[PDB]
Every structure is written in structure tokens, then in C-alpha cells.
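This report concerns only the one structure given below.
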Amino acid sequence: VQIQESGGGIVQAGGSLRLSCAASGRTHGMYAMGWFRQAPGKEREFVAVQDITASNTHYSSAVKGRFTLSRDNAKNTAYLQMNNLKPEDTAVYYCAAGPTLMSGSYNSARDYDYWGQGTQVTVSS
Amino acid sequence: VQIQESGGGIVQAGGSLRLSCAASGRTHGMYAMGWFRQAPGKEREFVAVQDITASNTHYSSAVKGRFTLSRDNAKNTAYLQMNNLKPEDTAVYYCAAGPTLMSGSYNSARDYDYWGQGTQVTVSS
Amino acid sequence: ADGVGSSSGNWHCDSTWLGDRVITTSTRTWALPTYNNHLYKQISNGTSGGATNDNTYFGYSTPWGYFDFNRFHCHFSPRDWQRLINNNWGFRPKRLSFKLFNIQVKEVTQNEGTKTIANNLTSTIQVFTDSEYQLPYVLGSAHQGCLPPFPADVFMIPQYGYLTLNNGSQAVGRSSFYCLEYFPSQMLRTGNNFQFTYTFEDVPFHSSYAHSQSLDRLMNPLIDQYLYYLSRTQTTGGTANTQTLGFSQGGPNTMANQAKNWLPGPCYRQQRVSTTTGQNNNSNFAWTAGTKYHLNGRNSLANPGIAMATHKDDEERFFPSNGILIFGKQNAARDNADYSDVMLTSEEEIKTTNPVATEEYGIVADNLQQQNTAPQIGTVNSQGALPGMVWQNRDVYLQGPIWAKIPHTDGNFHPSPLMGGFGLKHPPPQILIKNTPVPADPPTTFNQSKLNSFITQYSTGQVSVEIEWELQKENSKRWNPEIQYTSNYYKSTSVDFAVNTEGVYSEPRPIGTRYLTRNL
């Protein structure tokens, strides 16, 4: 059940970057798909997450008002669009997946089974 | 039951600094571990606190969105990672420990039994 | 009636001593969390990951949880345990009651970084007992998660799981899967309560006493026997020393030679370890020298094994490698804890009837001697039941287990559980509890996939358990005073069996039952 990163790159401050992710198989899995990031020498931070029906969605406080998370069940993929980028958003972003979405625990890494390789996003001013 | 500071230093504005703390014995103690700071000529202020299972965590309003508190029970230690530092964060940081975590009273110094020596963190622009 | 604003039960912690009976009752406060995000999951372990063949398994973890009061300190305060062991030759359980009441369901929502908690008045929990013994019975393995010894502590309820047959990490056709939602269950809102009663089947009294005689000393020291034994095969004389037969009666100065009616109990020999470490061999032998049994290609330690005496006289520094129960001191590490962090039990009392775990059972003959060949002997390191054996069971401890379920099989031999306590064919039933799932808002166009989007919840309440115990009174005519369990007289920084300056309750030592004595 491989998650795969795409759309990495380097961008000047204010640009619109788009990260993407795909899976293979177990559409009865991949119920929840989301994003984390780990900046240089820092703790992994939850970025966004959305469920299958698009009923329930959550954004990180720093992330909110700048990123939007969207999902296509047909392609079994999920996208992360990113607007008004600041250089403290340089990190390594990981696509992450799990069978369940909870209201208290969704922002914890303990709740995701699958992790991509990661991508490097650089933001310069 | 000695708490011990580490990781003190001086940093330029925007850098990522990491404070650490260790204890000796009474793992049936050290249930809650947290941080306070006392700036020059000023009142001691609660910075962060987290419990043993990592279920309950709290950050100070000024602190929130910049610091993350983490804990390793195996080593009987707790870490404080710090990002986007501002020079008003110059203070003396104290690791602090107590048998209990309460929802109303956690930010009071009255609730912590043990106090480290302190560390000096300097932040320049 | 029962409603939001009335309580559905009261706090009962008490002990009542009446004649030949004692009744204990305990109440605790519990917290129950949602496990596995409401899911059942296949779990396994196999060699591929790097585990050895001896540790492989296949099974399932469940969303449910269970109540466990199978340790004696659940029911007895340390003072009550002292009343029991100093005054009584035996005790056994009779009946129990169980109550579950004052239930609170709470919901926790996560927004940005802040976390908030509120009541949810219409949520339920589900509870059932497995009275027909239709589920894998995981009580009786000495797991963590029983009610706490100290009544003011609040404890977490453990998650239920089970194992079935495996081959490596794979399952087989005989492997069973169980859904716990497939039983009838009672649903409770915040005003409801739950209760049931249970009666223990007839079981022998635990023997709380040591023997004041040993099995080889039962004779009258003043009198000769009328029987004879072969005392001499060779003439004792000046020079020749030829073959002869000679015979003697057993008497006060030869007790080792006398005829006797009974034999010591069975033996399965353990390797010996010293608490003075300089006396041990320098090597890591705990697994490679361990005492093992072998089942379907797997090796498993016989831990603690059959009841044997821990050491002989003046040997207290030695213990059998896997042959004793070992408890932890408060704040002892999970792995690689030092000797000063643990507490070692001693079965030293049963040394009268039972062989010592680290020696041979005895000697037998290897060959047929004759004029041409001298006689040869051999050492018996494991011995099964012989007609005429008598033995004692392992002792029970205040920290230790109470009962186990006797496996359902064609045959068994002396079904007393090897970790100690009462073997039962119909033990107290296991009690399962779960938070009922509450969906987060569904989509407004129909979708067939199962909803897996939930509101996070947990619950809390009180639980009461009441056991009636039957006592067997001590009848002795012994003239001199007994050994008793007692607290120390001298001054100390803390009180044993109390809280410290930080609020942490601890138990300083293990306490067995055997103080009073009885003739063999």
C-alpha cells in the first residue's frame, strides 16, 4: 500500500505550489488522507486531513487560510494546494493515510498507518 | 529528585533552539513535566507542560505556535524545542515537575514540586 | 427513578468478619477510552520481522475492554490480610456481587491546538458478561490492569484481545474469529446501572500453614522397628573381606535406613542462581540454561513450574532460575530492572514435603551387579507421580492471583494453577465494556462505505465488587508461640503500606499466607 509524493520544488515567496499524492489498492482503506511536515531539525507537524466523503476536514492553525486540501476518489489520489507561502513553510511534507478519522485525535501521528517518502519544499524571499 | 537544565545558549532572531531536562528516580513521580521562564526583573511565567501518556498538553498563549514540548519516558527526560525566537523570549527557563496535572490550575507555580537550576537563553536581532 | 440528576449507587469499601466468614467489598473509579478507533484488527508476529520461532503468534485486537479483579490486594487491605494469615488454617471463595454505576460519557473535540471536553448526556456504554464461556478466556495470565490496591487511585481499563492457532505469522483453517457485538449486551445512559451475582463451585481450602514435621521424620524416636534392612554385603575383618549378607533393624540412630510409608512429591529440576553475583558462572545463561517444555516445535519456559522448595537450609541466597514468582517494586523498570528493584518470593516452607527445586529427586540403579561387575547408579532429575507421593501447592500472595480457569480437556492431573490460587472449571465470568460509537456528520449524498468518522469519547464511573470468603479455623494444641506476620518496631522515614510525600502508594514486600503450623 504505497503512498507516493509528487510536486516538490522551490518557490519564491507568495507563489502558489501544489503537492500531490497517490496510492495503490485497498480503496476500502485510505479512508483518511492528510499531510504532515517536518522542518529542518524540528518535530513532525500535522498539516491537513480530509476523509473520503469530504464531510469532515481539518487544517492546522498555521496552515489555515493559506492551504486547501482536496481529494479524488476515482484516481485514488489527494492533492494539497498552497497559497501565500512563507519561508518558515520550508519542510519535508509527508502524505499520510489511515482507516479512520477521529475528532479528538486526528492531529496525532499515532493515527496514521501509511507514510510516503516525503518531499522537500523550499521557499525563498 | 534532581531536575537538571541543559541546552542553554545565545541565538540570533529566527533560529531554532532546543532546551532539555532530565531527572533521577521516582518514575512513579515526575508525572507532569513542564517549563517556566523568568525574564530579567519580571514575574515567573508558565511556558509549557505535558503529562506522562502525552494525552494532555498545554502551551502558554505567547508560547503557542512557536514551541513544541516532547517527552521520553525511557530516558526519564523531557525536551522543549523552540522556533521563531523573539528577543522578548530572553529569560531564565526552569524545568518543573509535579505528581499531577489539573485542568484549572496547571499554569500556576503552586502545583509543581520540583525546580531545576534554570538556564539563560539570549535572543538578539 | 433514575435520571440525569440522581446517583445510581453508593461507595462501599468495607470488610466484615463474622464467625467463620469474612466479606470484603471494594469500590474504585475507572476511566474507559475508545480502543482501535472502534475497529477489530488482525495482529500477528512472525520470523520475517526477526522474531524467533518461539515467539510467533496470530490473533485479533478488539475495540472492547474488560474488568479484572484477580489479585488479592483488590479485596484485602494489608491489615485485613494480616488478620487472615495469622489466625486461620485455610480459606476459600464462596460468592460474589458486581456493580457498575454513576456513569459519565464525555466528548472531546480538537480545534487548532486547544482541546475541550464536554458532557454528552445521550451517549451509551455497552456491557455484558460471558456466562456460557463462549469467548477466549484471557483472565488468569497475570496481566496488568486489575483494580488498584489502594482505594483512592483511578485506573484505566485494559483492552481485550486474544490469540488463536498460528503457523508462523499465518493462520490456519481451524483458526477462529470472534465478534463481540454478536452477543446480547446491555446499553446504559448516564442514569442506568448494571449488576450481577455469581456463586463459586466447591473448591478445596487453600492451605495457609507450614508443616511442623518433615516426611522422613514421622517415626517415634525412642523405639526400634520390627522390620529389617540389608546393612552389610561384605565381611568386616582382618584380611579376606568376602561376600556376606547381614541385616539390621531400623532404630533411633539410623533413621535414613528405616522403612517408611510415603514419598516426596514430583520434581522437574531447575538451574540454581545466587543473589551474590560473584558466585555465578560468567556467561549469559538465563535462556540457554533455562528449564523448558516443548510444544509443537516451540520452546517455552516452565515458569514458575511445579511447586518445589526454593532452597534448602541456610541456602537463602539461591533461587531457581525460572522457578519463583517475582514482583516489582514501585517504579521498577519494564526491562532489565536491577535486583534491588524486584522482590523474590520463597516457597521455603514446603521443604518438608517437597523436593528442593535445584537438586535431584533421588538415585536409582542403572545395571545388574554381579561378581564380575560393580554396581552403578543414576541420578533422577525429573520424576512424575508415584503411588505414595504427597505434596503441597505453591503459596498465594497479597500481590498475586486468585483463580484460573481449568482448560476444558479430556484429562488433567491435580488441576491447581501453577502460579497459585484456585482452579475452577466455571470461573467468575469475564465482563466486557465498550463505548458506543457516535458518528460525525455524514455526507448528504448517499454512500455505501461504512462510516468511519467519529466523535472522540471516553467514559468514567464507579465499580463495586463484593466477595464472601469461608474460613477454616486453627485447632492447634501446640504449647509454644507461633510465628506471626508483623510490622517492624523500629523508626523509619516512611510507613510501610502507605503513601509517601509525593502521594504514591507502595507495597514494601510480598506477603504469603503460611505462618501457623500443623502436624504432618
Side-chain angles (χ1 to χ4, degrees), chain A residues 1 23 25-37 42-67 69-76 78 88 96-114, chain C residues 31-44 48-49 60-64 104-120 122-123 156 159 181 434-460:
Chain A
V1 176
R26 294 183 181 277
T27 59
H28 61 77
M30 66 174 282
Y31 176 78
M33 292 177 72
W35 291 95
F36 296 94
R37 59 176 182 183
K42 293 179 174 77
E43 295 302 320
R44 180 180 281 168
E45 177 190 15
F46 146 90
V47 173
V49 74
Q50 186 173 355
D51 61 355
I52 186 168
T53 59
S55 296
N56 289 283
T57 299
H58 300 290
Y59 295 94
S60 188
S61 320
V63 183
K64 188 183 184 294
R66 292 181 295 103
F67 296 165
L69 177 63
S70 178
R71 182 176 180 170
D72 289 345
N73 289 337
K75 290 181 294 295
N76 289 337
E88 183 65 13
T100 300
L101 188 27
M102 294 300 294
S103 64
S105 64
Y106 63 89
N107 63 347
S108 178
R110 291 192 298 273
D111 289 346
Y112 295 90
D113 289 345
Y114 295 94
Chain C
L32 172 68
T34 293
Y35 287 115
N36 284 343
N37 301 289
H38 303 288
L39 298 176
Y40 287 81
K41 295 174 181 175
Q42 170 183 341
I43 58 174
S44 65
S48 293
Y60 299 99
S61 61
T62 68
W64 293 78
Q104 282 170 313
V105 180
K106 290 182 179 296
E107 52 192 341
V108 44
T109 176
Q110 175 70 196
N111 222 23
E112 292 89 5
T114 185
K115 176 182 287 183
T116 178
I117 297 170
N119 281 337
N120 191 341
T122 54
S123 294
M156 184 172 178
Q159 187 181 359
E181 285 80 356
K434 190 185 74 176
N435 294 136
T436 305
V438 179
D441 56 345
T444 58
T445 293
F446 174 78
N447 195 37
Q448 54 163 1
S449 42
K450 68 174 178 176
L451 311 171
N452 263 5
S453 192
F454 300 97
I455 297 169
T456 302
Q457 292 185 333
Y458 70 94
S459 58
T460 55

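In what follows, every heavy atom counts, from backbone to side chain, and hydrogens, waters and symmetry copies are set aside. We name chains A, B, ... by the order of the sequence lines, and we start the count at 1 in each one.
Annotation: side chain of A/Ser105 is in contact with side chain of C/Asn37 (closest heavy-atom distance under 4.5 Å).
Formation of a donor-acceptor pair under 3.5 Å by the A/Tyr106 side chain with backbone atoms of C/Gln110 is found in this model.
Of all heavy-atom pairs between C/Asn452 and A/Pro99, the closest is ND2-O, 2.9 Å. Nearest approach of A/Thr100 to C/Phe454, heavy atoms of both residues: CG2-CD1, 4.4 Å. The two residues C/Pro442 and A/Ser55 have their closest heavy-atom pair at C-OG, 3.6 Å. Contact detail for C/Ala440 and A/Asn56: the closest heavy-atom pair is CB-ND2, 3.8 Å. Residues A/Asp51 and C/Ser453 approach most closely at OD2-OG, 3.7 Å, considering heavy atoms.
Looking at A/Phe46, there are no atoms closer than 4.5 Å to chain C (heavy atoms on both sides), in backbone or side chain. At a 4.5 Å heavy-atom cutoff, the contact between C/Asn447 and chain A is made by side-chain atoms alone.
Heavy-atom contacts from other residues, nucleotides or ligands closer than 6.0 Å to NZ of A/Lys64 number 12 or fewer.
Between the CG atom of A/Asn107 and the CD atom of C/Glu112 there is a distance of 11.0 Å, given to the nearest 0.5 Å.
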